[PDB]
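Before any questions on binding or motion, here is one chain by itself as C-alpha cells, the form deposited in one PDB entry.
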C-alpha cells in the first residue's frame, strides 16, 4: 500500500532526478530513513488514481496548476510550515500552492517566457519600437522577430499587457465568469499582432518548427521563448541572451508562470518525515544547489539561493518577468480558455476574422457553462442487458458534462426516447468512472414507479435500491436501511417527499432526479419552494416530455427547481422582476409586452441547461 518509516518521491524524467536522489542520501545518512526517488512514465496521470486508492508516492513533483485538481480531490495534504520558513521563499510562489486558502505543496522552481547579443546590441524597451527595427534587419536580407504564432501561450503576453486576462482572481479564488478576453487591453494587443502580419514583418504560418529553426540558423534577431530553448541555442553557438519583456502602452507584457512544486500525499503516513526532508534537506541553498547540478531549475522560490542564481542575467531575467507577469491558474476551466484563444489568434492573424470578431467568440466560448469537455466513448460496465443507441450515449456525455461543470439541467427529450434508461446510464457511469456511489434521489410519478424499478433490475442490477413506498408500518421497515447507506438509489413519489419529509430530508442526497412523466401538467412554485426549504441536493436533473414553456409561472417554478438557493426570500416572479423598478414603493404587475421579453430572456438563459431530441430526427 503506502510503506511507513520511508519516503518514495515522484518527479518527471525531464527534471534532475539523479541529483534529487543524492539529497535523499544525506537524509538516510544523518537519519537512517530510506529515500527512493522514481520517475514513473506519465506519473501525473497515475497519481490521482493511486491517491484515491491510498497508494502511490509520499512526495509528488509537478507544476502548481495540475495540483489544483489533486487538491480539489483532496489527494494532497495541507502543508504546515511556521511563519519563519515562509519568509525563506517569495510570497508570490506560496500563492501558486494555496488552494481554498490552504497551502498544499512546497514551491520549488519558477519558469516563464523571456526575450541576440551582437545583431541586437541594445534590446527594445517598448513593443512599439519593433517595426522601425525590423526595417533594418529586412534591409540586411533577414528579420527582427520570429517566435511561435500558431500556439496561444507564446502570443498571449501582449494580449495580457494593457489589461487582457483569463479569469479574474477574486479574494483568494479565480472567477470563471469574470473573463477578460473582450476588454480594450486584449484588443490593443491582438490588433498589434495582426499589424505585423499585414505589414509583411511577421508571417501568419509561423510555428515552433520555424520559431527555433530560424533564430538558430541566424535568420532572425529576436524571439520569445523559455528555458527549454536555451540548451538548443547553445548547440548552434549563436551569441544569445535573455531579458525582460517590452512595455506595450507603457505596461509590461505578462507571460504565464509555471512553479514546479512538491506536494505531499494525503494518504502517506510519513507526513512529518516529508516536512522534515523538504523544509530542512531540500528547501535549503545547499539542497536546491544539489538538484540544479543534474538539470538546472531556472529561478528558485528560495530568496537565499535565488540571489546566488541572479548572478547569471538569464535567471534574474525570468524571475523579473515572473513577479510582473502572471501565474498559471490551477482551476480546470483552462482547457476552454486555451482552446478559445488558440483559434481566436489563428483566425484574427490569417484574415479569416476581425480582431473584434475572433475575441468576441473566444471570450464567450471560455466563459461557457460547459467549459470542462469530457469524452464518453463507451457506456458503463454496470450498464448491461443491452447496448444504448448513438443519441442515448450522447445524452450521457451531456449529462456528465453537466456533472463535471457542476451545473443542474433538463433532459426534455420526447416521451419514448429512453430517458429512464438514460438516467440509469448517468448513475452507473458515475460509479464505474467517478467515485460517486452516494445516495441518489429519484422522484417518479406513481404510474411509472414500477417501470423505473423494472428497468433498473434489467440494465443495472449492481445498483441496489430502496423503493420508498407502502403502508406506514412498511415504510418504517425501511427506516434503518437509509441510516445504513448501503444503497445507491432510493425511488419514491412526489407524495412521499412531502409526507415522509421528516425522514427523507435527513439524507445528503448527492444527485436528485425528477421525472415529470407523460402528463403535460403546469407546476406551481409554492411546492418547489417547499421542496427547496428541506432538501440538500447539489446536483439536480429534470426529465420531462414537454419542451420549454412560454408561460412565466411555469418558468418561475422551473428556476426555483434548477437554482434552489438564489430565490430564498423572494417567493414570486412578480416581486423578483419588478425589483429594479420597485425602489419607489410602487406595486404594479408586469404587462403583456414586459412579460414577452422576460420569457424571451429566460429561454436564452436556460438554453445551455436543456437537452431535447425528437423521434422525427432520430429513429
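Residues that one form lacks are left out of the comparison. Residue numbers count along the first chain shown, from 1. Rigid core (definition): largest C-alpha set, two forms, superposition within 1.5 Å.
From this point on, the text means the form deposited in another entry, which you will not see here.
Candidate set 168, 526, 476, 303; criterion, C-alpha shift of 2 Å or more between this form and the one not shown after rigid-core fit; matching residue, 526. In the other entry, the Cα-Cα separation between residue 420 and residue 526 shrinks by 3 Å or more relative to the displayed conformation. Relative to this form, the distance between the C-alpha atoms of residue 527 and residue 471 is reduced by at least 3 angstroms in the other entry. Here is what shifts between this form and the one not shown when you lay the two on the core: just one run of at least 3 residues, every Cα off by 2 Å or more, at 518-531.
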